[PDB]
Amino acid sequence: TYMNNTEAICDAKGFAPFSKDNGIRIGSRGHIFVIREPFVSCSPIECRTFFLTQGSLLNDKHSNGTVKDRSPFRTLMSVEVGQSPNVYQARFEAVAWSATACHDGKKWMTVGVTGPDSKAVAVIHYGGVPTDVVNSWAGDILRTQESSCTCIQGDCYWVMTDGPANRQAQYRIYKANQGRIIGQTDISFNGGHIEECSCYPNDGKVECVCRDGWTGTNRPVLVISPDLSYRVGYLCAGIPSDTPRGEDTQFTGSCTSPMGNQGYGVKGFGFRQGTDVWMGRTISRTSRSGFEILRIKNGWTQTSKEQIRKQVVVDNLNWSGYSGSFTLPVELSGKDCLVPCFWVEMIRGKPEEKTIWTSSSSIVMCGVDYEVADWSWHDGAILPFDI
């Protein structure tokens, strides 16, 4: 049957380590897929780690990295959370250089985008077989979440962006049941920018915290009602969570507009806790080095700067990277609310390091009604490799 997922996000005080694949270290001798963007999504039986592969393995000439991101070899695959992205325990999902996946309770729905930048194609899989298609609607790198989509009472939702990485772009919300598209919307957000949204269900609505690659240091936020009606803006909090960014000390939070002249960005997440908010962010304000998560009182609905909790998961002397959100199905947690969990990707090799390749590990963290001590669960690999 279908996963209801109409409950509220559980109010957590800190997060506990779920898993850690240690893919890259293992990849020194094992046959591990040189991967990227290892997001986590769960079914009512297990949580899997999805990732993008370049058809090559670590420590192999084919990992040269000079291969473009959106190459024709890029495929989406997965493994049970915590398992390294190894060739022998991997499952083929879809052909993609940008994807998203979620389980509605019965079958798995993946969405892989592939094809030319000017006319990319997004194929929707369901049950391990393509069911529907979304063609580029603006001829400029059709892309999506890079993290779990959301299914509430059978219908699954996800957000896509078609347009430039700098200036305006066009965003849309797709809705689908059993692999087939049943509706969609255009998101009006002039002056605003949306990319790689980290969504989760909360009170029968799809809450996402995204990335502003145009002019946003604070992250855009968009609550999606089951009828595709929606609400867009930014995380109110008077504290910048995007990377790069300026000091918090110079940031006046804003609920409706981007702030900081910074233009670039990085994929992050955020979890609303009533009116408060758990926001994640690299420790470095410039490099993708370090990962932490702060709880800002009333920060979901106020330019609050009132930090009530802080917990580091990757110290600032270690490489961080992408990070996404997802929820534990109630059928696995046993709680009456949806436990909030996230993952931190850990990029190793180029550009910051001197190796011909580039990949990343990850650690998964979950809700918990306790306060968890700071620590660093970094990659640990030893570069350079045999090459």
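By rigid core we mean the largest C-alpha set that fits within 1.5 Å across both forms. The first residue of the sequence shown is number 1, and the count goes up from there.
Worksheet entry | Farther-lying stretch by C-alpha RMS in 4 other deposited structures of this protein (rigid core fit) among 200-208, 67-75 | Output: 67-75, the stretch lying farther off on average in 4 other deposited structures of this protein.
Worksheet entry | RMS CA shift, core-fitted in 4 other deposited structures of this protein, bigger for 58-66 or for 324-332 | It is 58-66 that deviates more in 4 other deposited structures of this protein.
Discussion item. If you take the mean CA temperature factor per stretch, which one wins between 22-30 and 57-65?
Written reply: Going by the record's values, the stretch with the higher mean is 57-65.
Worksheet item: With respect to the recorded C-alpha B factors, which stretch has the higher mean value, 261-269 or 171-179?
Response: Comparing averages over the C-alpha atoms only gives 261-269.
Practice prompt. Pick out which of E196, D140, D132, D248 has the highest C-alpha B-factor in the PDB entry.
Written response: Each of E196, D140, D132, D248 was compared by C-alpha B-factor; the highest is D248.
Worksheet entry | From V121, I124, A165, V79, residue of greatest CA B-factor | Highest CA B-factor of the listed options: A165.
Discussion item. Sorting by Cα B-factor within the chain, modelled residues only, which third would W357 end up in: lowest, middle or highest?
Written reply: It falls in the top third of the chain.
Practice prompt. Rank-wise, by C-alpha B-factor, drop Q184 into the lowest, middle or highest third of its chain.
Written response: According to the entry, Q184 has a C-alpha B-factor in the chain's middle third.
Worksheet item: Split the chain's modelled residues into thirds by Cα B-factor; is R281 in the lowest, middle or highest one?
Response: Lowest third, going by the recorded CA B-factors of the chain.
Practice prompt. Classify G274 as lowest, middle or highest third according to the C-alpha B-factor given in the PDB entry, relative to its own chain.
Written response: Within its chain, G274 is a middle-third residue by C-alpha B-factor, going by the deposited values.
Practice prompt. Check where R348 lands among this chain's C-alpha B-factors and tell me if it's the lowest, middle or highest third.
Written response: For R348, the deposited C-alpha B-factor lands in the middle third.
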